[PDB]
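Listed next as structure tokens: two forms of one protein chain, kept apart as structure 1 and structure 2.
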Structure 1
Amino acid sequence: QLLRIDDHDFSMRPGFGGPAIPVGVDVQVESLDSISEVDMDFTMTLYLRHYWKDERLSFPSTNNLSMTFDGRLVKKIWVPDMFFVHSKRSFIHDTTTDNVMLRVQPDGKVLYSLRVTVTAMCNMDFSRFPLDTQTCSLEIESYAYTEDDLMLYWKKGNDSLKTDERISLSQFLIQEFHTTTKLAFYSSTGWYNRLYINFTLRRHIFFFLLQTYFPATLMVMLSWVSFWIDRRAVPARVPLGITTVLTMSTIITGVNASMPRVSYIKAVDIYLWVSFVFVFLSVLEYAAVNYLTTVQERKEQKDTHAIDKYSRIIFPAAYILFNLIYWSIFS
């Protein structure tokens, strides 16, 4: 055997009872799988690498080059115990074998790599939905060893993060990849060191505009055509107004089916409900005209009405002003 595995007890970390052993980390991101709004989490697949030195794995050689083993010797030597904080579920690929790489240098330097898929939670805000921007992060920490036994740091600082050129999302735009570092404290175990991977996401507005905003505007303009119809056709104008109200209500209900039960109103809800009020007022507009006409005929017994003439101009002006204000605030 090139390595004297049986001659050492690997139940203790290198430098047991002494100073902490530094550990390096390199991360390459492969792809992002899915994002859930109701569950507020994301899925990521990445390659995780570790760097440390152990004199117990030294072997004699003359070339001074790294040597690669099959990978099943990992379960017989000491390995760090990094874990993902605030994660919901994760696993390691095992086809056709465990995705494990083990390279040992003659002086004892060890390279360890893994391929994992991790799901982590992220707190999102939907105040500006669907024109919002979300930021999420991934955390890496050691579970068992504190800062007095193991020191965790990025292997090459800002250059330790790499991303595949094929990473893309159908509904989101990915940008601003960077890493940071911060300490963590637990009241009953001590202090630990954490590593962060940050990114930013931006939605695409084309789908929401075509599916929600355009149908809403068309329904509002449909109610305006009743002002150009003669008021004597009562069974012809009343159904027009009512059907528009019912259609607008159906549109509002269908939008909320794909969003969670938040406690605050979203930007899309404001636009839909304001449009509902405009259509509702249109129905009441004809009711006033009909009542006044009946009273006028009764008084006389014992042309275009003024309300209709002014409604032709006031209603389009108010809606256009609302759009200018609404789109200026939300850009």
Structure 2
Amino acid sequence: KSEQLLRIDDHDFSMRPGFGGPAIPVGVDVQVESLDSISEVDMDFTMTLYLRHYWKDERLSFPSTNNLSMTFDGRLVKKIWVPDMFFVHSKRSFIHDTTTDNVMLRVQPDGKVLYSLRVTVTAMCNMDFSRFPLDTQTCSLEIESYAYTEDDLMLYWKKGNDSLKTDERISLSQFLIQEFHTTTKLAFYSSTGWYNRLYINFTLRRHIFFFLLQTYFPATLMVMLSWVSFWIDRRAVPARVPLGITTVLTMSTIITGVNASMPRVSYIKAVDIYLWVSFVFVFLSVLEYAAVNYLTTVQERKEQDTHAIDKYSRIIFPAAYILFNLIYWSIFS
């Protein structure tokens, strides 16, 4: 029996290696396999990865006439001491178990141990949509020991920034992913003390041109279309009135359609500001002709060429819209 080469029953494996003395160092490496999904309303993301641990335990040393190591599956884990890592700020997680538990332990003749397992985790990520669709988001995944403070267990990245590897084909449907890197920081709990925490960081961006074409283009086109009435004969009332009211209806249907396709976030975003300013411009173009028609009727009744209001509007409306665009795009980049 291979489990008799390790004196399992001759040691108390409820205590850590080196108990009573200096803390035992534990090194960590991570390989990220995929990014599975992201939820903008609930503000979280899901990832699948391999987690690997390295440490030494003299109680597991065994004699050998060669330098070959022994390999075990998950059934040995319950018989020896292993580190208790957990994911901070997570919502749910599990360890894969088909066709059996995806775990393993490799033991060297001198007592060095490698511990490897495959896991899927869902983690929280606070997002800010004020600048949508030109926003940028930063997310992180955090790893910590549940029960051992830094006086008993010292947790660190085994090879610095070389400890993190990512799959060549990692992708998300609606985002671009960039800038993976690692950091570390100490955390304090008033109940028990100081703990080491490890971080994996990355950044997300959107495809700007899709949103420009889908949203900003039609609204600008409809605003430009409302200016055509300034060049039409003021005596053609049955042509001037329906044009304005139909332009208002078209802009309203565009805004409703755009609202139906964005994530349901109930606060003001940049694209909403652009759309409602455009709507106001279209509304004012109808008030202009109402004033022109009333004044012309008054003059004809009193008495019994282009009106000045049309002449000024032909210049004033586009200049104001251009100024609004300059200010908007200088503010929102």
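Take the two forms, find the largest set of C-alpha atoms that superpose within 1.5 Å, and that set is the rigid core. By convention here, residues take numbers in order along the sequence of structure 1, the first being 1.
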Scan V100, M219, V110, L195 for the one whose CA shifts by 2 Å or more between structures 1 and 2 after superposing the rigid core, and name it.
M219
Does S66 move its CA by 2 angstroms or more between structures 1 and 2 when the core is aligned?
yes
After fitting the rigid core, is the C-alpha of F185 off by 2 Å or more between structures 1 and 2?
no
Yes/no, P22 Cα shift of 2 Å or more between structures 1 and 2 with rigid core fixed
no
After aligning on the rigid core, report the distance the C-alpha of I35 travels between structures 1 and 2, in angstrom.
1.4
After superposing on the core, C-alpha shift for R232 between structures 1 and 2 in angstrom:
4.3
How much does the C-alpha of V277 move between structures 1 and 2, in Å, when the core is lined up?
0.6
